[PDB]
Structures are given as structure tokens and as C-alpha cells.
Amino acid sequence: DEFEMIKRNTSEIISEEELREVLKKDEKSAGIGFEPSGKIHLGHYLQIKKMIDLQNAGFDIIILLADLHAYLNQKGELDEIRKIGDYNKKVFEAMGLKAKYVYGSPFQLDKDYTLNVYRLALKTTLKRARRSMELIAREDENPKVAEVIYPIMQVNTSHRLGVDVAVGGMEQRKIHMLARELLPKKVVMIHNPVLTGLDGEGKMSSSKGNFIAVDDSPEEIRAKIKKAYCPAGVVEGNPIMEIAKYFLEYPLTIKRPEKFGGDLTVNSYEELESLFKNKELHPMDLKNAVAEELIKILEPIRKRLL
């Protein structure tokens, strides 16, 4: 159905009941926000892919190019941030996402919007605010006041934009729980899993350089996956297995030499999971297959950006 179609590959939906009530409505909107990023990676793609699922399910899509938030989170100057946001819009369009793209500053600095921010600041403890920025705040030995304004700003935007569904990675859940409590109208939160970095040490990040950009070249992709963390029989924290699960189409024909078993055909990721977990599928073979399928996947996108 549509519900499960949307539920597929998500970490959680804050209230599947509320989401069912939403699917009944004729006009429904889903929204996601991104601090403009210099490089758009699989992490972003995973989420845009999810926005497309919702769109296919009749949701109007709202993409917030969060320039003010990025400004508050030390990403630089607004106009500079604004141009990177511009580029992101194109990469998002290149991914096949037809939607309403809006910057945050045009309305996030409005007289009333601000009074609402201060109203929320009166009900948001500093400890609660600091906690929600743990996975989002730019690393800083001397946390700025801006760090705690950021979360309440995100909450006021959810109010302003008035979407039925808000999508984001699991790292956004605390700011989302905060909004669930502070806001009068409860919005459904769809949380996407956070991909692991290629080296498997942490989560995939634009600043940690452990990602695969959607416009990376075929050679770059092959080289990135080749060096990627991928222990035989290990699925948890295996970035390569995550890519197979979140981006690959099945049945998947893992091509390999007869000398090693010959071409293998997997009808589902779960099946691939078994084969790899039971060490019947070798890392090098998993990689070559993921790398080639991924390249095909991203090609259309890279072509458009070029």
C-alpha cells in the first residue's frame, strides 16, 4: 500500500496512527529542511528519495533551504550560504524531485515570527535545547548562544510552514520531540536512518569526508567503495551493505567469476543479508556489484549536473 510504501526503509514514524489519518486527507504536505551543503551525498539522496515516495503518495513537497539555520550553525555568511543552497536545489531537481523550494530567511526574520521564537525560548530549557543539538551542532569548544536558538527556530518553522508531515534523519528526532511538545498542532515525524561513513567510524557527513557525493565520478565511486569498511560476515555498520539496502534495485545480479562461484542473483536485500552474513558472498564481490549499480543509479543525476 501507500503507508508501507512510505514506511519502507525509515527508522521510525512518530505515530503511524496520525500518519494514517493524514493519508486520508486530499491535500497533504510533507517537508524537509537542509542546511545548504557544499556536496550532496547519499545521505541527502536517501532523504530526497523518501520525499519522492511521499510525493508519489499525493503529498505536496516543501523543501526548506535552511540558510538562516546554517548561518546560526556556523556555515558562513548568508549570501554565500544562499548560493550553495541554490546549487543544492539543482542537485535536488536533478534527482527528479519536483517541489516547492523556499529559503528560510525570507520569513524567519519577520516581526511576528521572531516574537514566536522568543515565546518558544520561554518554554525551552537550555539543557533541553543543548541536548537536541548534540548530533547537529557544529563542533565548538565554546558553544555559542546561536546553538540553542537553532532548535527553537526549527520548531517555529514547523509551525509556520504548517506541513502535515516532517521528514528528517534520526539525528533530528530530539528537535522533533521538542516541537511535538511545544507546538499546538502535532505534525507527523518520519525519521530516516543515518548512513554510516565509508570508513565505518562514524555517520556519513559532508564535513567528515566519509561520503559518496551523488555527482562523484564513476572512478571516484569505485575507489571510494573499494577502500570502504566492509568486514566479511558483518552487516551492522557496514556502509556497503547499507548502500545495497537503501539504493539498489532487486533482484540484484551480483556478477562474479566462475572461479569464485559465478554470477549470483539475489531477489531481495534480506537474501543478500543472509548470503553475506553466512560468508557465502565475499566483500570484494559485494563491492564490485554495489559500485556498478550505484554508478548506474547516480549517472542520470551526474549527467544533469553536467
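Residue indices: 1-based, along the sequence shown.
Worksheet item: Once you work out the mean C-alpha B-factor for both 68 to 76 and 201 to 209 from the entry, which is higher?
Response: The recorded data point to 201 to 209.
Worksheet item: 81 to 89 versus 146 to 154: which one carries the higher mean Cα B factor per the record?
Response: Comparing 146 to 154 with 81 to 89, the higher average CA B-factor belongs to 81 to 89.
Worksheet item: Which of these, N278, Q47, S29, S37, has its C-alpha atom at the highest B-factor, as the entry lists it?
Response: Among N278, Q47, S29, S37, the PDB entry lists the largest C-alpha B-factor for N278.
Worksheet item: Out of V266, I52, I240, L42, which residue has the highest Cα temperature factor in the PDB record?
Response: When the deposited C-alpha B-factors of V266, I52, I240, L42 are compared, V266 is largest.
Item to complete: Tell me, lowest, middle or highest third: where does the Cα B factor of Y101 rank within its chain?
Response: Its C-alpha B-factor belongs to the middle third of this chain's values.
Practice prompt. Could you tell me which third, lowest, middle or highest, the C-alpha B-factor of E236 occupies within its chain?
Written response: Its C-alpha B-factor, which the entry lists for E236, ranks in the highest third among residues of this chain.
Worksheet item: Lowest, middle or highest third: where is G33 by C-alpha B factor in its chain?
Response: Lowest third, going by the recorded CA B-factors of the chain.
Item to complete: Could you say whether, by C-alpha temperature factor, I254 belongs to the lowest, middle or highest third of its chain?
Response: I254: CA B-factor falls in the highest third of its chain.
Worksheet item: With respect to C-alpha B-factor, does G169 fall in the lowest, middle or highest third of the chain as deposited?
Response: Answer is lowest: the recorded C-alpha B-factor places it there.
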